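# Pasting an experimental structure, sequence included:
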2 protein chains.
Amino acid sequence: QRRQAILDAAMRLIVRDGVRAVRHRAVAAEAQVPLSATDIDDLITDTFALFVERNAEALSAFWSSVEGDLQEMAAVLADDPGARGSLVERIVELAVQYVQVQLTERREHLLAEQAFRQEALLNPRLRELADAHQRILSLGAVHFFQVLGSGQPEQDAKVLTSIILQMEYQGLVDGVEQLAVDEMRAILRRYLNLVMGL
Amino acid sequence: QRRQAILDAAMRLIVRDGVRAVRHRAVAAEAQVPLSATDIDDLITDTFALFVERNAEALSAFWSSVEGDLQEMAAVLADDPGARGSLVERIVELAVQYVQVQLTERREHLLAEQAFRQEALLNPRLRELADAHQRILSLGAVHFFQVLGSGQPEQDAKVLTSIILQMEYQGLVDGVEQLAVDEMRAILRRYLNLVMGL
């Protein structure tokens, strides 16, 4: 918990004053502890390990929350292939609701993910984590496309990932009062219609 | 040119030591001029105005270089709709060659674009530019999808943009000797096949 405060403090600094303001002093400052209590690069690495872990856990929770819906959708399609049009309506609403909650409720976590991504480029110590991270992102989308009978579930999962990351970034730039929720729906819908043959 | 050195120097600092190391001293240092010669936020803003302008101009040059190919492809499709399969082969190769040259030849410019994107989030002075910039990105892709008879050229242009940005980021992380060129082809191809009805 001592450990976790420090990490959490390093995080806040990262959101606020960027990566470059993570030093032991500014950090021990921020977590409210002595210097010693707080290898600056081990701290940075741990911080971004935590950010990755929280994203991974929230995405697990998300996929877990729609597991039942995905199960019902697959049964509906087995009885009635003509239900594709209908399914996509459901999928798009669930997806945009995902992004919305991320961009409103989890803004600082997303902001910390943007700092990590920016950082991974410059830091060889972080390329390990960053490939762990891009492999985690696509892999939930994979079961979703497989469950729906997509022709190429791995490539669809990557395209999906690409679209959602850009939507997230653009929502962070637009801000919470001006989310382009109908544009997000249209973009997602165009892609998913195509996957489904519509 | 005095102006341009300074801007260019602010750039190099941004690639190297991030946004936070842009100060008049560190900059006048880097451009090799006196402090006075070099409102720190006007400098930052100008720097990122330049980065945007160079990206915009290189993308214009790219689209200009394939104009003829796009013209021939459209004629081929008018005579022979069954040529879709063939066209996509051509389009994917031209696209991946784009990303490749960007990721090898223009690495530092792409790195500076990643710093800008990271910055736009925190800086209200930059949200103007950043929306200029996301509107420029999609708009070339639009003529391309229109020229090919895409069902929804504006949404396709955004999806395309999303895929290419993520490919660029992932190539910066992988590095020039380990570009995942065949994975890029497969991802792009999956999307373009879908747009073309394949």
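Nice, I can see it. Numbering: from 1, shown residues only, chains lettered A, B, ... in the order given.
# CA atoms for contacts and neighbours, from now on please.
OK.
# Check what contacts the host helix or strand of residue A:145 and list those residues.
Secondary structure from DSSP states H and E places residue A:145 in helix A:124-147. Helix A:124-147 is touched from outside by A:45, A:49, A:52, A:56, A:60, A:63, A:70, A:74, A:117, A:119-121, A:152-154, A:156-158, A:160-161, B:173, with contacts defined as Cα atoms under 8 Å, 6 or more residues apart in numbering or on different chains.
# tell me which residues of it are tucked away?
A:126-127, A:129-130, A:133, A:136-138, A:140-145 (16 or more other Cα atoms under 10 Å in any protein chain shown).
# Taking those residues, tell me the two that lie furthest apart.
Using Cα to Cα, the buried residues of helix A:124-147 span at most 29.8 Å, a distance reached by A:126 and A:145.
# what sits against the residue nearest the centre of chain A?
Central residue of chain A (Cα atoms, centre = their mean): residue A:55, 5.7 Å from the mean position. Applying Cα under 8 Å, 6+ apart, we find residue A:55 in contact with residue A:109.
# can we see that at 10 Å?
A:61, A:106, A:109, A:110, A:113, A:133, A:136, A:137 (Cα atoms under 10 Å, 6 or more residues apart in numbering or on different chains).
# Please report the distance of the first one from residue A:127.
When Cα to Cα, to the nearest Å is applied, the distance between residue A:61 and residue A:127 equals 25 Å.
# Buried ones among the contacts of helix A:124-147?
Buried, going by 16+ other Cα under 10 Å: A:45, A:49, A:52, A:63, A:70, A:74, A:117, A:119-121, A:153-154, A:156-158, A:160-161, B:173, out of these.
# Show me the residues you listed that map onto helices.
A:45, A:49, A:52, A:63, A:70, A:74, A:117, A:119-120, A:153-154, A:156-158, A:160-161, B:173 (DSSP state H).
# Tell me, how many residues neighbour residue A:98?
15 (other Cα atoms under 10 Å in any protein chain shown).
# before we move on, which element is residue A:7 in?
Applying DSSP H and E, one finds residue A:7 within helix A:2-17.
# contacts for that helix?
Contacts of helix A:2-17 (Cα under 10 Å, 6+ apart): A:1, A:18-24, A:26-33, A:37-38, A:43-51, A:108-116, B:20, B:121-122.
# For PyMOL, write the selection for the buried entries among those.
Buried residues among those (16+ other Cα under 10 Å), as a PyMOL selection:
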select buried, (chain A and resi 18+19+22+23+24+27+28+30+31+38+43+44+45+46+47+48+49+50+51+108+109+110+111+112+113+114+115+116) or (chain B and resi 121+122)
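# quick one: which of the contacts of helix A:2-17 sit in strands?
Nothing among those maps onto strands, per DSSP state E.
# separation between the closest residue to residue A:186 other than its chain neighbours and residue A:89?
Distances taken as Cα to Cα, 6 or more residues apart in numbering or on different chains place residue B:155 nearest to residue A:186, at 7.1 Å, with adjacent residues excluded. Taking Cα to Cα as the measure, residue B:155 falls 17 Å from residue A:89.
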